[PDB]
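My questions will all concern the structure given below.
As written, the chain order gives the labels A, B, C, D and E, with residue 1 at the start of each chain.
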Amino acid sequence: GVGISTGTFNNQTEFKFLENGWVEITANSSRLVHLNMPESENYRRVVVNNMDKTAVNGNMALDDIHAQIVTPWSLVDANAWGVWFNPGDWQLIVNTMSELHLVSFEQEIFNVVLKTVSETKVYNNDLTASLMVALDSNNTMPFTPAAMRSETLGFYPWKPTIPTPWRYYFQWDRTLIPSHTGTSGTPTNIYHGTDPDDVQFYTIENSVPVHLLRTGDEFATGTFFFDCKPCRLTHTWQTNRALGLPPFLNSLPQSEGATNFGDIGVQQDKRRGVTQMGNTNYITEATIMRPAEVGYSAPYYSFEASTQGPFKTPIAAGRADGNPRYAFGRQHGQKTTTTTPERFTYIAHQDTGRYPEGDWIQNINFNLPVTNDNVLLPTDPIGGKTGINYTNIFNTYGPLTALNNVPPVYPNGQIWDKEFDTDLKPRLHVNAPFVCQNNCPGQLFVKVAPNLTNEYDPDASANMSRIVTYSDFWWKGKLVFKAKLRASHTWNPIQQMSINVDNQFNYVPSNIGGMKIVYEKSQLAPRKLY
Amino acid sequence: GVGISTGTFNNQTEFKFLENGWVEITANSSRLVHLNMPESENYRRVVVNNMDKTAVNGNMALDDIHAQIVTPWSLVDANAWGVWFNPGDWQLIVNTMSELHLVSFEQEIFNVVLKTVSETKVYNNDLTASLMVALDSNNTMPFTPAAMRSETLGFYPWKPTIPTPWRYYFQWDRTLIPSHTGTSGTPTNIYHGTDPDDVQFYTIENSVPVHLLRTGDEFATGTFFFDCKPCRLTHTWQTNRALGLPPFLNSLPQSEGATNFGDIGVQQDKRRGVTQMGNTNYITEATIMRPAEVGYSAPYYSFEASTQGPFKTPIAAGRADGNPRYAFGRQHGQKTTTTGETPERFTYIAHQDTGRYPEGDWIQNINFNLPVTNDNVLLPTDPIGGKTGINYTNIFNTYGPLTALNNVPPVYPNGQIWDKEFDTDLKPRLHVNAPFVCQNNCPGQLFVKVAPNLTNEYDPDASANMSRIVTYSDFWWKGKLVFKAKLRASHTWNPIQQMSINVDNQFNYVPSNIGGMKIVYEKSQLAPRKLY
Amino acid sequence: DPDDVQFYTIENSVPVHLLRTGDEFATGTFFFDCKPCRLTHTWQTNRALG
Amino acid sequence: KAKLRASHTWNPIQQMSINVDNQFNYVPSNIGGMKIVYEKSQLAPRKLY
Amino acid sequence: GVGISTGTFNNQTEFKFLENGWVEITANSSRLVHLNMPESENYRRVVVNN
């Protein structure tokens, strides 16, 4: 039956228990997708240049100057946590699971219907023309994750969704010499062009086979099989100070009380232990040797320039800097019945951060009540500039550094990302908990075919005459996870996530049918570093 | 039966040889361990705060703020070189081996003697109470190597020892703003308690199954087989200046003596070679391309702050920064007949020859006008931020993808053997405090306690601490740590540096007339190795 | 420094063949295990990602 | 054919070693001058009874 | 013996094509190497000091 569904709608989450505390989580997900025909049928090499805003001295960071190929195609990108889990299942997962494996993944298209408009507006069906669908199985096309722009499919199962109009960067070359407000003149700020060796113009038609779906047929993907390393849903709290055996106290407290601190019995120069300071006899918690370094200082709010203009240096961890800030819309968790983006900043429990105002370096001689000339504090002007202290230019990354992978972010966080095809590869990606080891799942590209009129000819310089057309189709996906149930090793309870009196009204809809999804922490429970 | 013995004392370091130049070194060791009852039977959270010492300006490095759970269990930790190998054994190992694998490790406790005292003092054997022993095979409890605090088992087989009383870190939050002496006001120096997301309170009782030993039974730790990588008992002398083919000397010396140097016969700017310097014609030994970077500079005596307070950054290899300094007591090397609380100390000046000499660095402009002018070079004498003492090398990091490093050498007798790999998703490449890094799991800690010998009168309702008969234990520990080791070969005409007794060090290795003894520190990586 | 002295000699460290006018020396086939060297280059700076 | 020794005693034994004094006896001079110097052969002690 | 040659000069580069888009590049090379006797037969230890 053409009017009867080619497949079944599903969003029900299936949990299944395996031996030894393993569990399989099949996040079934399905969304209705609305797709208008393209504004133009041609690929466009568009160049953006906001010289008006950048040219003022001190707006260096506002450089949006770039080039991109605007395509006639659109992308269906389900790579975000909110697409697959509602707050209940995410709450249960983060409260009951310790580890999380990304296992498998599939998609299909079903119940495609194609409509056209006539002229008041009269809407008509057209069973003869085709929707154009293609899946880049070989990962030939550039990987353009939509989670970064918050253009993934909508998290609400019941509303419609739209796919992102797809585009990819095209090589440009640019210089922007930095300047401050009050610089003596206009700095060098020009757009060079593009280089011939780096030109890359991809097209969907030449690269991937395009299926011409019509009503009564489907496109379905063979399920992709991941092999990523496990993410961990438990944070580690121990900095270098809390590593190893503590010192023994010769004076334990004689009575209960906040002010009744314990005391070490031995003088600081006469203690016993190991310190990585050849010329200093004082053994202290700051000076005692530790096995390695947890976290690292990096130059914060540092911008570095290359051929394609300046960009911010990413930092793997944070204490306000470092922590990620999202800005999302109505499809992705803003309060629906409101008429600017809604924002939050993930102050995660991961720790491994740094407190720049507490750092210092002192001279190798180590005259212990250190004089001014023998210590460089975060209050000192580097280069005469009072706002920039030494920690702005300071890097402590070394062979001894140990770091934790980034948290998952529900609902706006990306799930997976593509490993860079460079020879030497980064240790982690700061925008996804999983990184595809060799290949990610293919990107699904969609397009409404050209519905021409009788007036079309190719010689006309004007755009081809096309009948007003759109299409409506339902997307489905099945993401399989695998996870380990936690265990209560610790006597005291952990900070489980739960509904409380303040946050209760965020889960239920408003009287006028509006809804929101608030941001939810991921690594709740603590974990040993050692 | 009480009257039947339950084991045999052993400290023999057997050397069993194998084909292909491998030797199975088998360090048996055993000690008498003396344990008194705990001071209090209850877990007690304690917070230390030396605000009196720290509040004085410029005393930031003396921060000893921490929170911990003082625990009624004692740790028996055999993770230290001196517990296993004697000075002659270490001489044989360092002089004749080349590599040294960690193979296996097991323990046991036997001949448990339990005693009670009554008032003069009268001692009576207790045949009813038992010693409590627990083995954390899964490593559920926090890892706490006693080597870093110098509280492992004592190194002399013929002296009884005591086990350290166990404790572990709670969580705490603290900030300390730094300030120099003569600052304008008191800096922010406050304690924020403990956050609730990071709380952990472990117990031996609910974590590990406890075994009860009366005077007539044993406990045997099963064999734990390591997975560790080879630790290398040879050192590299080649810095970046001594990698690759030297320049061809056109004019060699024609007479003997130090004052007759050879000379390269070609002018500097007309030499032939590769330089990673794209705007200069000078090929010199400083500027010539090398494969990679041996060693790296780091900000020396840099303290970073985190949630739990300020700490020093560790440097992988030193030249004095980087070189570890060990402080320890009479059990662990100091002369047993010396009077005073002062520990004996040494600094382990390694032979690894990878570290930097920070007084010899400089940075100069991209233009590279050769007799460099003052404005175009930053020397180690120039201030940073107006500070005359703190030059640029104190900030300067040159860790990069081209860096090459050696693992830390063994430090006999006080050094660590093994240390647990961190729980992070990204590993540290090396550990500064042990030559081996047990990866998947790492040998179970053994916790011991004297069981509560309650008095005839006892009431749980009382707020006062429970009264117990005074009781202590003496038990014999034995362990056996197996190594595989490769014997060296003579690759060069010249002999290598070897450990030897001599007239200077002759009296450290034999006992004094009043029975005193010491164990002097001991270089490990003696023979040179070809880095390239 | 004495602990770093290393004096290598070809006579004491490898076998040395004598070749007269009429004989050969054939080194056997050595087999590598090196990673692939790539004859392509990556234009994408950070700004071009995503 | 030779047997390897064993560490019978607590103390270390005398061993031959390059030090700062005899360093240049074991490497050539700057005009090709080599030499070979005498080495002791029976370093380690042995129990006679 | 003296008068019988013991090899063949070869400097061809041979491109053998396997299935699945791989090419085995057999780079041969041959050179006539001239060699004078050493300047002095002793191992020397020379310090350059400018």
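List of remarks:
Note that contacts are C-beta pairs under 8 Å (C-beta built on N, C-alpha and C of every residue); 3 or more make two chains touch, one makes a residue touch a chain.
Between D-E and B-D, more C-beta contact pairs are found at B-D. Note: centroid distance subunit A to subunit B, computed from Cα atoms, is 39 Å. Centre-to-centre separation between subunit B and subunit C, using Cα means, comes to 37 Å.
Taking the mean of the C-alpha atoms as each chain's centre, subunit A and subunit D sit 65 Å apart. Each chain gets one centre point, the mean of its Cα atoms, and the points for subunit A and subunit E are 54 Å apart. Residue positions 2-3, 5, 7, 9 of subunit C are each in touch with at least two other chains. Arrangement of the chains shown, judged by which pairs touch: an irregular graph that fits none of the line, ring, star or complete shapes.
Remark: subunit C residues 35, 38, 41-50 touch subunit A in the complex. Those residues of subunit B whose C-beta lies close enough to touch subunit A in the complex are 39-40, 44, 46-50, 53, 56-66, 68, 70, 140, 142-151, 164-165, 167-169, 171-172, 175-182, 196-203, 206-207, 296, 298-316, 318, 320-329, 341-343, 345, 347, 349, 384-390, 394-395, 397, 399, 401, 403, 405, 414, 419-420, 422-434.
Contact residues on subunit B toward subunit E in their complex (touch as defined above): 247, 249, 252-253, 258, 261-264. Chain contact summary for the complex, subunit D toward subunit E: residues 27-34. Those residues of subunit C whose C-beta lies close enough to touch subunit B in the complex are 1-9, 12-13.
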